[PDB]
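> Got an experimental structure here, sequence first:
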Amino acid sequence: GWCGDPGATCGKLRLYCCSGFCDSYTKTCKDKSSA
């Protein structure tokens, strides 16, 4: 079970985000901030 690291393209490519947040503004995997 592999995970996608920050800086990878999310959307049309395989692998999911470790935190569960994919940015559609640049089509990449990003980390979410807690308030």
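Happy to help now that I have it. Residues are numbered from 1 along each chain as shown.
> OK, contacts around the residue at minimal distance from the centre of the chain?
For the chain, residue 29 is the residue whose C-alpha lies nearest the centre (C-alpha atoms, centre = their mean; 2.1 Å). With contacts defined as C-beta atoms under 8 Å, 6 or more residues apart in numbering, the neighbours of residue 29 are 4-10, 17-18, 21-23. Every C-beta, even on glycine, is put in place using the N, C-alpha and C of the backbone.
> which one of the residues you listed sits closest to residue 33?
For residue 33, the closest of the contacts of residue 29 turns out to be residue 21, at 9.3 Å, with distances computed as C-beta to C-beta.
> Leaving aside the residues adjacent along the chain, what's closest to that closest one?
Leaving aside its sequence neighbours, residue 21 sits nearest to residue 32 (C-beta to C-beta, 6 or more residues apart in numbering; 4.1 Å).
> Neighbours of the one you found, how many?
The criterion is other C-beta atoms under 10 Å. On that basis, residue 32 has 9 neighbouring residues.
> I figured it hits residue 20, correct?
Yes. With contacts counted by C-beta atoms under 8 Å, residue 32 reaches residue 20, the gap being 7.1 Å.
> re earlier: who is the residue nearest to the centre of the chain paired with across the strands?
Per DSSP bridges, residues listed as beta-bridge partners of residue 29: residue 22.
> Mind telling me what element residue 19 is part of?
For residue 19, there is no enclosing helix or strand under DSSP states H and E.
> wait, doesn't it sit right on residue 32?
Yes. Between residue 19 and residue 32 there is a contact at 5.4 Å, judged by C-beta under 8 Å.
> On the three-state scheme, the residue nearest to residue 21 is what?
Three-state secondary structure (criterion: DSSP: H, G, I helix; E, B strand; the rest coil) places residue 32 in coil.
> ok, residue 27 - contacts?
Residues touching residue 27, when contacts are defined by C-beta under 8 Å, 6+ apart, comprise 9-12.
> Which of those residues are buried? Put it as a ChimeraX command.
The following ChimeraX command selects only the buried members of the contacts of residue 27, with burial defined by 16 or more other C-beta atoms under 10 Å:
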select :10
